[PDB]
Structures are given as C-alpha cells and as structure tokens.
file coords11.csv (CSV, C-alpha atoms and all ligand atoms)
chain,number,residue,atom,x,y,z
B,7,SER,CA,100.6,60.9,73.5
B,8,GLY,CA,102.3,64.3,73.6
B,9,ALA,CA,104.8,66.5,75.4
B,10,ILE,CA,105.7,70.1,76.2
B,11,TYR,CA,109.1,71.2,74.9
B,12,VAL,CA,110.3,74.3,76.9
B,13,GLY,CA,113.9,75.3,77.1
B,14,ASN,CA,115.9,72.1,77.6
B,15,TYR,CA,113.0,70.2,79.2
B,16,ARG,CA,110.5,67.7,77.9
B,17,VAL,CA,107.2,67.5,80.1
B,18,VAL,CA,105.2,64.2,79.6
B,19,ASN,CA,102.5,62.2,81.5
B,20,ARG,CA,104.5,60.1,84.0
B,21,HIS,CA,102.6,57.0,82.9
B,22,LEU,CA,103.9,57.5,79.3
B,23,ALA,CA,107.5,58.2,80.1
B,24,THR,CA,110.1,56.2,78.1
B,25,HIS,CA,113.3,54.6,79.3
B,26,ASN,CA,115.2,57.6,77.8
B,27,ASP,CA,113.1,59.9,80.0
B,28,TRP,CA,113.9,58.0,83.1
B,29,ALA,CA,117.6,57.9,82.2
B,30,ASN,CA,117.6,61.8,81.8
B,31,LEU,CA,115.3,62.5,84.7
B,32,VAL,CA,114.9,66.0,86.1
B,33,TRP,CA,111.7,65.6,88.2
B,34,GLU,CA,108.7,63.3,88.6
B,35,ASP,CA,105.5,63.2,90.7
B,36,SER,CA,103.1,60.3,90.6
B,37,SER,CA,100.4,62.3,92.5
B,38,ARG,CA,100.4,64.8,89.6
B,39,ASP,CA,101.0,62.2,86.7
B,40,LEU,CA,103.9,64.4,85.6
B,41,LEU,CA,107.5,63.7,84.6
B,42,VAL,CA,110.2,66.1,83.2
B,43,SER,CA,113.3,64.9,81.4
B,44,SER,CA,116.3,66.9,79.9
B,45,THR,CA,116.8,67.5,76.1
B,46,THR,CA,119.7,68.2,73.9
B,47,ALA,CA,117.7,70.5,71.6
B,48,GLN,CA,116.0,73.7,72.8
B,49,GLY,CA,112.2,73.7,72.6
B,50,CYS,CA,109.7,76.4,71.3
B,51,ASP,CA,106.8,76.1,73.8
B,52,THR,CA,106.4,78.9,76.4
B,53,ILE,CA,104.6,78.3,79.8
B,54,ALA,CA,101.6,80.4,80.8
B,55,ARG,CA,102.0,82.2,84.2
B,56,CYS,CA,98.4,83.3,84.9
B,57,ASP,CA,95.0,82.2,86.4
B,58,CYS,CA,93.1,81.7,83.1
B,59,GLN,CA,90.1,79.3,83.3
B,60,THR,CA,89.4,79.3,79.5
B,61,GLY,CA,91.7,77.9,76.8
B,62,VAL,CA,92.0,75.5,73.9
B,63,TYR,CA,93.2,71.8,74.0
B,64,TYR,CA,94.3,69.3,71.4
B,65,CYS,CA,92.2,66.1,71.2
B,66,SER,CA,94.1,63.4,69.2
B,67,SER,CA,91.0,61.1,69.1
B,68,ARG,CA,89.2,63.8,67.0
B,69,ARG,CA,92.4,65.4,65.3
B,70,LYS,CA,90.9,68.7,66.5
B,71,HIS,CA,91.5,71.6,69.0
B,72,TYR,CA,88.5,72.6,71.2
B,73,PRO,CA,87.9,75.6,73.3
B,74,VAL,CA,87.1,74.8,76.9
B,75,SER,CA,86.3,76.3,80.3
B,76,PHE,CA,88.2,74.5,83.1
B,77,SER,CA,88.2,74.4,86.9
B,78,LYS,CA,91.1,75.7,89.1
B,79,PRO,CA,93.9,73.2,89.9
B,80,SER,CA,92.6,70.9,92.6
B,81,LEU,CA,92.8,67.5,94.4
B,82,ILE,CA,90.3,65.1,92.5
B,83,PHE,CA,89.6,61.4,92.9
B,84,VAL,CA,90.5,59.5,89.6
B,85,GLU,CA,89.2,56.0,88.9
B,86,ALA,CA,91.4,53.0,88.6
B,87,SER,CA,93.1,52.6,85.2
B,88,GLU,CA,95.7,50.4,83.5
B,89,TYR,CA,98.4,52.8,85.0
B,90,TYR,CA,97.3,53.7,88.5
B,91,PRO,CA,94.9,52.4,91.2
B,92,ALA,CA,91.9,54.6,92.1
B,93,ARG,CA,93.4,57.6,94.0
B,94,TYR,CA,93.5,61.3,94.4
B,95,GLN,CA,95.4,63.3,91.8
B,96,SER,CA,96.6,66.8,92.6
B,97,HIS,CA,96.9,70.0,90.5
B,98,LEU,CA,94.2,68.6,88.2
B,99,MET,CA,91.7,70.9,86.3
B,100,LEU,CA,88.4,69.5,84.8
B,101,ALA,CA,86.5,70.5,81.8
B,102,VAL,CA,83.6,69.3,79.6
B,103,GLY,CA,85.2,68.0,76.3
B,104,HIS,CA,85.8,64.7,74.5
B,105,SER,CA,88.7,62.5,75.7
B,106,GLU,CA,89.8,58.9,75.4
B,107,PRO,CA,92.8,57.3,77.3
B,108,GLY,CA,95.4,57.9,74.5
B,109,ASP,CA,94.5,61.6,74.3
B,110,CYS,CA,96.9,62.0,77.3
B,111,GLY,CA,99.7,64.5,76.4
B,112,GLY,CA,97.6,66.8,74.3
B,113,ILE,CA,98.4,70.5,75.1
B,114,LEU,CA,95.9,72.9,76.8
B,115,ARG,CA,96.9,76.6,76.1
B,116,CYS,CA,95.6,80.1,76.8
B,117,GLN,CA,96.5,83.6,75.5
B,118,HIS,CA,99.7,83.5,77.8
B,119,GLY,CA,101.1,80.1,76.6
B,120,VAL,CA,100.9,76.4,77.6
B,121,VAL,CA,98.7,75.7,80.7
B,122,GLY,CA,99.1,71.9,81.0
B,123,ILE,CA,98.5,68.5,79.3
B,124,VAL,CA,95.6,66.1,79.1
B,125,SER,CA,95.9,63.5,82.0
B,126,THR,CA,92.3,62.2,82.8
B,127,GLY,CA,88.7,62.1,81.5
B,128,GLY,CA,85.7,60.0,80.5
B,129,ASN,CA,82.0,60.4,79.8
B,130,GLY,CA,82.3,63.8,78.1
B,131,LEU,CA,84.9,65.1,80.6
B,132,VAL,CA,88.6,65.9,80.1
B,133,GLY,CA,91.1,66.6,82.9
B,134,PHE,CA,94.4,68.5,82.6
B,135,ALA,CA,97.6,68.3,84.7
B,136,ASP,CA,98.5,72.0,85.4
B,137,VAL,CA,102.2,73.1,84.9
B,138,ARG,CA,101.8,76.9,85.6
B,139,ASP,CA,103.1,76.6,89.1
B,140,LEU,CA,106.4,74.9,88.0
B,141,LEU,CA,108.4,78.1,87.7
B,142,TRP,CA,111.8,76.4,87.3
B,143,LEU,CA,110.7,75.3,83.8
B,144,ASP,CA,111.5,78.9,82.7
B,145,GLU,CA,115.2,78.7,83.6
B,201,LIG,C1,92.2,60.9,79.2
B,201,LIG,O1,91.8,59.9,80.2
B,201,LIG,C2,90.7,59.2,80.0
B,201,LIG,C3,89.7,59.4,79.0
B,201,LIG,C4,88.6,58.6,78.9
B,201,LIG,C5,88.4,57.6,79.8
B,201,LIG,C6,89.3,57.4,80.8
B,201,LIG,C7,90.4,58.2,80.9
B,201,LIG,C8,91.3,58.1,82.1
B,201,LIG,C9,92.6,57.3,81.8
B,201,LIG,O2,92.5,56.4,80.9
B,201,LIG,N1,93.7,57.5,82.5
B,201,LIG,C10,93.8,58.4,83.7
B,201,LIG,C11,95.3,58.6,83.9
B,201,LIG,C12,95.6,59.2,85.2
B,201,LIG,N2,96.1,60.4,85.2
B,201,LIG,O3,95.4,58.6,86.3
B,201,LIG,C13,95.8,57.2,83.6
B,201,LIG,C14,95.0,56.8,82.4
B,201,LIG,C15,95.0,55.4,81.8
B,201,LIG,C16,95.5,56.6,81.0
B,202,ZN,ZN,96.5,82.6,80.6

call {"tool": "encode", "arguments": {"input": "coords11.csv", "output": "structure tokens"}}
result
Amino acid sequence: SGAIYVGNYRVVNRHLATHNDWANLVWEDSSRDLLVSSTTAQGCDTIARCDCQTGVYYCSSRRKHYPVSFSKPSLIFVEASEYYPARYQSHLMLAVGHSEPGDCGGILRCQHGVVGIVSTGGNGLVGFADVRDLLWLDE
C-alpha cells in the first residue's frame, strides 16, 4: 500500500483505489495502473520534473529504503495477477530490487522529488509507475 500526497491530490495504484477514491475521482488509467483522487487537506510531497535514472524506493516487505538504478518509462509486458490479465503496462520503469505484491504504493524518489510508485515486480525485480510526465499534479 501507499500513496503520493501532492497539493490536493492523492495518487495511488489503480488496483488499490478505495470507494472514496472513485467517488472523488480526478483521473485514472488502467494501462498505467494509476488513479488520482481529490483531497480536503494539502499534501507535502513534491513531484520530480527530471530524467533521473537513479533514486531510492521504499520496500514495505523489508521496512527499508533501497537505492536503485531504473530504466526509462516504457511499454513492458506484465504477467497476469489477481488484479489484471497479462498485458502491456505503459510508463513503467524496471529496476533490480526486492518486491512482493503488497509493496505496491511505495515511493520512488530522486534528488528532485517523487518519481513514481511501486506497481510491478518479481524474482528480484521491482517496477515503478512513473508520474513525472503528469504536469497537472503541480497546479
Ligand atoms: C510488486 O509486484 C509484484 C511483486 C512480486 C511479484 C509479483 C508482483 C506483480 C503483482 O503482484 N502485481 C502487478 C500489478 C500490475 N501493475 O499489474 C498488479 C499486482 C497484483 C498486484
Ligand atoms: Zn531527478
């Protein structure tokens, strides 16, 4: 689990969105595994606007933050899971790092701010849904 709280937005994995998220929906995209809802309170996270390929992510299954090198946002084939059939997921970045299914939502960050959230993984890999291209999160 986990979310980004920037301005009056809450960014979560679409597969983990609650009823309140759907009832306060701003934007969702199944192909990216992302959903954004509106919040009453202002958040403290800032979004990175950069092309960093190194950063640090939070892994809840280890209660630890790890440094990682990650690929550029791309279209990658993701195996079938309890929440989606096998399909191509867009705007996904891959890295070598530990992950388990419930690690989804953990933040990946760089020197500039939040880069994205854990969305996929397995066998010593971890994938992150990028949010750096969503410029509207800043206003
Ligand atoms: C962090 O993901 C994993 C880690 C280890 C093993 C397997 C996974 C992948 C996984 O379980 N996925 C991929 C998600 C997606 N974005 O399609 C949907 C979801 C069920 C939760
Ligand atoms: Zn950066």

call {"tool": "closest_atom_pairs", "arguments": {"input": "coords11.csv", "of": "chain B", "to": "ligand ZN 202 (chain B)", "cutoff": "7 Å", "atoms": "all atoms listed in the file", "output": "JSON lines"}}
result
{"residue": "B:54", "atom": "CA", "partner": "B:ZN202", "partner_atom": "ZN", "distance": 5.6}
{"residue": "B:55", "atom": "CA", "partner": "B:ZN202", "partner_atom": "ZN", "distance": 6.6}
{"residue": "B:56", "atom": "CA", "partner": "B:ZN202", "partner_atom": "ZN", "distance": 4.8}
{"residue": "B:57", "atom": "CA", "partner": "B:ZN202", "partner_atom": "ZN", "distance": 6.0}
{"residue": "B:58", "atom": "CA", "partner": "B:ZN202", "partner_atom": "ZN", "distance": 4.3}
{"residue": "B:116", "atom": "CA", "partner": "B:ZN202", "partner_atom": "ZN", "distance": 4.6}
{"residue": "B:117", "atom": "CA", "partner": "B:ZN202", "partner_atom": "ZN", "distance": 5.2}
{"residue": "B:118", "atom": "CA", "partner": "B:ZN202", "partner_atom": "ZN", "distance": 4.3}
{"residue": "B:119", "atom": "CA", "partner": "B:ZN202", "partner_atom": "ZN", "distance": 6.6}

call {"tool": "closest_residue", "arguments": {"input": "coords11.csv", "among": "B:24, B:60, B:48, B:36", "to": "ligand LIG 201 (chain B)", "atoms": "all atoms listed in the file"}}
result
B:36

call {"tool": "closest_atom_pairs", "arguments": {"input": "coords11.csv", "of": "chain B", "to": "ligand LIG 201 (chain B)", "cutoff": "10 Å", "atoms": "all atoms listed in the file", "output": "JSON lines"}}
result
{"residue": "B:19", "atom": "CA", "partner": "B:LIG201", "partner_atom": "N2", "distance": 7.6}
{"residue": "B:20", "atom": "CA", "partner": "B:LIG201", "partner_atom": "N2", "distance": 8.5}
{"residue": "B:21", "atom": "CA", "partner": "B:LIG201", "partner_atom": "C13", "distance": 6.8}
{"residue": "B:22", "atom": "CA", "partner": "B:LIG201", "partner_atom": "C16", "distance": 8.6}
{"residue": "B:36", "atom": "CA", "partner": "B:LIG201", "partner_atom": "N2", "distance": 8.8}
{"residue": "B:37", "atom": "CA", "partner": "B:LIG201", "partner_atom": "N2", "distance": 8.7}
{"residue": "B:38", "atom": "CA", "partner": "B:LIG201", "partner_atom": "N2", "distance": 7.6}
{"residue": "B:39", "atom": "CA", "partner": "B:LIG201", "partner_atom": "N2", "distance": 5.4}
{"residue": "B:40", "atom": "CA", "partner": "B:LIG201", "partner_atom": "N2", "distance": 8.8}
{"residue": "B:65", "atom": "CA", "partner": "B:LIG201", "partner_atom": "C1", "distance": 9.5}
{"residue": "B:83", "atom": "CA", "partner": "B:LIG201", "partner_atom": "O3", "distance": 9.2}
{"residue": "B:84", "atom": "CA", "partner": "B:LIG201", "partner_atom": "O3", "distance": 6.0}
{"residue": "B:85", "atom": "CA", "partner": "B:LIG201", "partner_atom": "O3", "distance": 7.2}
{"residue": "B:86", "atom": "CA", "partner": "B:LIG201", "partner_atom": "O3", "distance": 7.3}
{"residue": "B:87", "atom": "CA", "partner": "B:LIG201", "partner_atom": "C15", "distance": 4.8}
{"residue": "B:88", "atom": "CA", "partner": "B:LIG201", "partner_atom": "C15", "distance": 5.3}
{"residue": "B:89", "atom": "CA", "partner": "B:LIG201", "partner_atom": "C13", "distance": 5.3}
{"residue": "B:90", "atom": "CA", "partner": "B:LIG201", "partner_atom": "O3", "distance": 5.7}
{"residue": "B:91", "atom": "CA", "partner": "B:LIG201", "partner_atom": "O3", "distance": 7.9}
{"residue": "B:92", "atom": "CA", "partner": "B:LIG201", "partner_atom": "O3", "distance": 7.9}
{"residue": "B:93", "atom": "CA", "partner": "B:LIG201", "partner_atom": "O3", "distance": 8.0}
{"residue": "B:94", "atom": "CA", "partner": "B:LIG201", "partner_atom": "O3", "distance": 8.7}
{"residue": "B:95", "atom": "CA", "partner": "B:LIG201", "partner_atom": "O3", "distance": 7.2}
{"residue": "B:96", "atom": "CA", "partner": "B:LIG201", "partner_atom": "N2", "distance": 9.8}
{"residue": "B:98", "atom": "CA", "partner": "B:LIG201", "partner_atom": "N2", "distance": 8.9}
{"residue": "B:104", "atom": "CA", "partner": "B:LIG201", "partner_atom": "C3", "distance": 8.0}
{"residue": "B:105", "atom": "CA", "partner": "B:LIG201", "partner_atom": "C3", "distance": 4.6}
{"residue": "B:106", "atom": "CA", "partner": "B:LIG201", "partner_atom": "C3", "distance": 3.6}
{"residue": "B:107", "atom": "CA", "partner": "B:LIG201", "partner_atom": "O2", "distance": 3.7}
{"residue": "B:108", "atom": "CA", "partner": "B:LIG201", "partner_atom": "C1", "distance": 6.4}
{"residue": "B:109", "atom": "CA", "partner": "B:LIG201", "partner_atom": "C1", "distance": 5.5}
{"residue": "B:110", "atom": "CA", "partner": "B:LIG201", "partner_atom": "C1", "distance": 5.2}
{"residue": "B:111", "atom": "CA", "partner": "B:LIG201", "partner_atom": "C1", "distance": 8.8}
{"residue": "B:112", "atom": "CA", "partner": "B:LIG201", "partner_atom": "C1", "distance": 9.4}
{"residue": "B:123", "atom": "CA", "partner": "B:LIG201", "partner_atom": "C1", "distance": 9.9}
{"residue": "B:124", "atom": "CA", "partner": "B:LIG201", "partner_atom": "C1", "distance": 6.2}
{"residue": "B:125", "atom": "CA", "partner": "B:LIG201", "partner_atom": "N2", "distance": 4.5}
{"residue": "B:126", "atom": "CA", "partner": "B:LIG201", "partner_atom": "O1", "distance": 3.5}
{"residue": "B:127", "atom": "CA", "partner": "B:LIG201", "partner_atom": "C3", "distance": 3.8}
{"residue": "B:128", "atom": "CA", "partner": "B:LIG201", "partner_atom": "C4", "distance": 3.6}
{"residue": "B:129", "atom": "CA", "partner": "B:LIG201", "partner_atom": "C4", "distance": 6.9}
{"residue": "B:130", "atom": "CA", "partner": "B:LIG201", "partner_atom": "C4", "distance": 8.2}
{"residue": "B:131", "atom": "CA", "partner": "B:LIG201", "partner_atom": "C3", "distance": 7.6}
{"residue": "B:132", "atom": "CA", "partner": "B:LIG201", "partner_atom": "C1", "distance": 6.2}
{"residue": "B:133", "atom": "CA", "partner": "B:LIG201", "partner_atom": "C1", "distance": 6.9}
{"residue": "B:134", "atom": "CA", "partner": "B:LIG201", "partner_atom": "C1", "distance": 8.6}
{"residue": "B:135", "atom": "CA", "partner": "B:LIG201", "partner_atom": "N2", "distance": 8.1}

call {"tool": "residues_around", "arguments": {"input": "coords11.csv", "residues": "residue 53 of chain B", "least_positions_apart": "6", "cutoff": "8 Å", "atoms": "all atoms listed in the file", "output": "PyMOL selection string"}}
result
chain B and resi 12+118-121+137-138+143-144

call {"tool": "atom_distance", "arguments": {"input": "coords11.csv", "atom1": "atom CA of residue 68 of chain B", "atom2": "atom CA of residue 47 of chain B"}}
result
29.6 Å

call {"tool": "decode", "arguments": {"input": "coords11.csv", "residues": "segment 63-99 of chain B", "atoms": "N, CA and C atoms", "output": "CSV table (one decimal), in the first residue's frame"}}
result
chain,number,residue,atom,x,y,z
B,63,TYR,N,13.8,3.8,-3.3
B,63,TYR,CA,12.4,3.4,-3.1
B,63,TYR,C,12.2,2.8,-1.7
B,64,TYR,N,10.9,2.9,-1.3
B,64,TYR,CA,10.5,2.2,0.0
B,64,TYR,C,9.9,0.8,-0.3
B,65,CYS,N,10.4,-0.2,0.4
B,65,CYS,CA,10.0,-1.6,0.3
B,65,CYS,C,9.4,-2.0,1.6
B,66,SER,N,8.0,-2.1,1.6
B,66,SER,CA,7.3,-2.4,2.9
B,66,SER,C,7.6,-3.8,3.4
B,67,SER,N,7.8,-4.8,2.5
B,67,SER,CA,8.2,-6.2,2.8
B,67,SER,C,9.5,-6.3,3.5
B,68,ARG,N,10.4,-5.2,3.5
B,68,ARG,CA,11.6,-5.2,4.3
B,68,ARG,C,11.7,-4.1,5.3
B,69,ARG,N,10.7,-3.2,5.3
B,69,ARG,CA,10.6,-2.0,6.2
B,69,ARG,C,11.9,-1.2,5.9
B,70,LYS,N,12.3,-1.1,4.6
B,70,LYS,CA,13.6,-0.4,4.3
B,70,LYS,C,13.5,0.4,3.0
B,71,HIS,N,14.4,1.4,2.9
B,71,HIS,CA,14.5,2.1,1.6
B,71,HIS,C,15.8,1.7,0.9
B,72,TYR,N,15.7,1.4,-0.4
B,72,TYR,CA,16.9,0.9,-1.1
B,72,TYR,C,17.3,1.8,-2.2
B,73,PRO,N,18.6,2.1,-2.5
B,73,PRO,CA,18.9,2.8,-3.7
B,73,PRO,C,18.8,1.9,-4.9
B,74,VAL,N,18.4,2.4,-6.0
B,74,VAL,CA,18.2,1.6,-7.3
B,74,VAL,C,18.6,2.4,-8.5
B,75,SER,N,19.0,1.7,-9.6
B,75,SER,CA,19.1,2.3,-10.9
B,75,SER,C,17.9,1.8,-11.7
B,76,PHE,N,17.2,2.6,-12.4
B,76,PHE,CA,16.0,2.2,-13.1
B,76,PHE,C,16.0,2.6,-14.5
B,77,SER,N,15.3,1.8,-15.4
B,77,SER,CA,15.1,2.1,-16.8
B,77,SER,C,14.2,3.3,-17.1
B,78,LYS,N,14.2,3.8,-18.3
B,78,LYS,CA,13.4,4.9,-18.7
B,78,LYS,C,11.9,4.4,-18.8
B,79,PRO,N,10.9,5.3,-18.6
B,79,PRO,CA,9.5,4.9,-18.7
B,79,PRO,C,9.2,4.2,-20.1
B,80,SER,N,8.7,3.0,-20.1
B,80,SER,CA,8.5,2.3,-21.3
B,80,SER,C,7.2,1.3,-21.2
B,81,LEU,N,6.9,0.7,-22.4
B,81,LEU,CA,5.8,-0.2,-22.5
B,81,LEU,C,6.4,-1.6,-22.3
B,82,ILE,N,6.0,-2.3,-21.2
B,82,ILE,CA,6.5,-3.6,-20.8
B,82,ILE,C,5.4,-4.6,-20.5
B,83,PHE,N,5.6,-5.9,-20.9
B,83,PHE,CA,4.6,-6.9,-20.7
B,83,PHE,C,4.6,-7.4,-19.3
B,84,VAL,N,3.5,-7.3,-18.6
B,84,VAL,CA,3.4,-7.7,-17.2
B,84,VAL,C,2.5,-8.9,-17.0
B,85,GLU,N,3.0,-9.9,-16.3
B,85,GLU,CA,2.3,-11.2,-16.2
B,85,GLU,C,0.9,-11.0,-15.5
B,86,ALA,N,0.0,-12.0,-15.7
B,86,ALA,CA,-1.3,-12.0,-15.1
B,86,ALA,C,-1.2,-12.0,-13.6
B,87,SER,N,-2.1,-11.3,-12.9
B,87,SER,CA,-2.1,-11.2,-11.5
B,87,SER,C,-3.5,-11.3,-11.0
B,88,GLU,N,-3.8,-11.1,-9.7
B,88,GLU,CA,-5.1,-11.2,-9.2
B,88,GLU,C,-6.0,-9.9,-9.7
B,89,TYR,N,-5.3,-8.8,-10.1
B,89,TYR,CA,-5.9,-7.6,-10.5
B,89,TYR,C,-6.0,-7.2,-11.9
B,90,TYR,N,-5.1,-7.9,-12.8
B,90,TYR,CA,-5.1,-7.6,-14.2
B,90,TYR,C,-4.8,-8.9,-15.0
B,91,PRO,N,-5.3,-9.1,-16.2
B,91,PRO,CA,-4.8,-10.2,-17.0
B,91,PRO,C,-3.4,-9.9,-17.5
B,92,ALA,N,-2.7,-10.8,-18.2
B,92,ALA,CA,-1.3,-10.5,-18.7
B,92,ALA,C,-1.5,-9.4,-19.8
B,93,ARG,N,-0.7,-8.3,-19.8
B,93,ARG,CA,-0.9,-7.2,-20.7
B,93,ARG,C,0.3,-6.4,-20.7
B,94,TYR,N,0.3,-5.4,-21.6
B,94,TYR,CA,1.3,-4.4,-21.7
B,94,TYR,C,0.9,-3.2,-20.8
B,95,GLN,N,1.9,-2.8,-19.9
B,95,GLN,CA,1.7,-1.6,-19.0
B,95,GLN,C,2.6,-0.5,-19.5
B,96,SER,N,2.1,0.7,-19.7
B,96,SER,CA,2.9,1.8,-20.1
B,96,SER,C,3.4,2.6,-19.0
B,97,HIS,N,4.5,3.5,-19.4
B,97,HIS,CA,5.1,4.4,-18.4
B,97,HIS,C,5.7,3.7,-17.2
B,98,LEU,N,6.2,2.5,-17.4
B,98,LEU,CA,6.8,1.6,-16.4
B,98,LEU,C,8.3,1.6,-16.5
B,99,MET,N,8.9,1.6,-15.3
B,99,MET,CA,10.4,1.7,-15.2
B,99,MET,C,10.8,0.4,-14.4
